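Just one chain follows, in the form deposited in one PDB entry, and it is written as C-alpha cells.
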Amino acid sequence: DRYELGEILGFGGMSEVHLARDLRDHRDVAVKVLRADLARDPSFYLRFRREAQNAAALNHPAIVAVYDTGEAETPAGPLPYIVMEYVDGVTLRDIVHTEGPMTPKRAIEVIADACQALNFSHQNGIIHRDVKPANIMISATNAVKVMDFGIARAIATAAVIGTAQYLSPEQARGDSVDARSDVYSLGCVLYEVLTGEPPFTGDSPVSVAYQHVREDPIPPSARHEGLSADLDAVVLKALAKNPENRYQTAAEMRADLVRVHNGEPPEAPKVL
C-alpha cells in the first residue's frame, strides 16, 4: 500500500529494478528484486538474499542511498527486496556503449566524484569490491552516483564474475583485498571511459584474470587520440599490479586527477 509501482528501469546479471512512488513521503524510489527469470535459481537466490541483507546504507551525495531492505510477504512467498534512491539517468556502461569515450576533462570530473564516494565508503569501513562501469550512474542533471556496493564473501557463479574486466589482481588470486582494490578497478573504469575499451579483454574470464596479474596495460594515449602523458601516469599508477605501487587511497587518486584537471604535473611516476 505504501508503494505504487511504475515502470521497470533496468536489469543486470541478477536483478531487475523498478520505479515506484513512495506515497508516505511522496518521493520516487527504485525497487530492486531478483530477475523474474532467475528467481528460482538457488545460486542467484542465495546471492541476492545475502546482498540485500548486507546492503551498504551510506549517506553521501555521490552514493545511491539504500532506504530499506527485507523480505516482502507476497502470495507467491517472501520476496527479497531493496528500496533505494531513484537515479534518473544512465550507467557509465550505457554511455560507453551508446556515446563512446568521454572527453578527458569530463572523464576526470566523473572519476574524481567517484573517488569521493569511495573515500567516504572507505572512511566508514566499507570496501566496494565491484567497481565497474555498470555500477556508476550519471543523472539527467549530471550528478555521479556510485551504487551496488559489494560484500565480503567466503574464501574458496551467480554472475559474481562476469568478464573479469574490472577485477583487481588480488581478487583474481584470492589474496587479501583492501581499499587499493577499489583504486585498481576505478582505474579500469577510467581507462575505459577515456579509450572506449577496458585495459584487458579476452575470450574468457581466465584469460582476462591472467592479463590483470601478468601483463602490462597499453598506455591509454596509445589507444585513443586526444590524451596526454600526465593522464597516462595517473591511469597506469592506479593500474599497478602490486598494490604497493598504486595510489594507497582514493583521496590520493582524486588529488592527482584534480592536478591533471588543473594542468599541474601529477605526483604519479612519469611515463615516457
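Note that the rigid core is defined as the largest set of C-alphas that superpose within 1.5 Å between two forms. Start at 1 with the first residue shown and count on from there.
Below, we turn to the form deposited in another entry, even though it does not appear here.
Once the core is superposed between this form and the one not shown, every option in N245, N59, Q53, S207 stays below 2 Å in C-alpha shift except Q53. The rigid-core alignment places the CA of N124 less than 2 Å apart between this form and the one not shown. Core-superposed comparison between this form and the one not shown: CA of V90 displaced by less than 2 Å. With the core held fixed, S139 shows a CA shift below 2 Å between this form and the one not shown.
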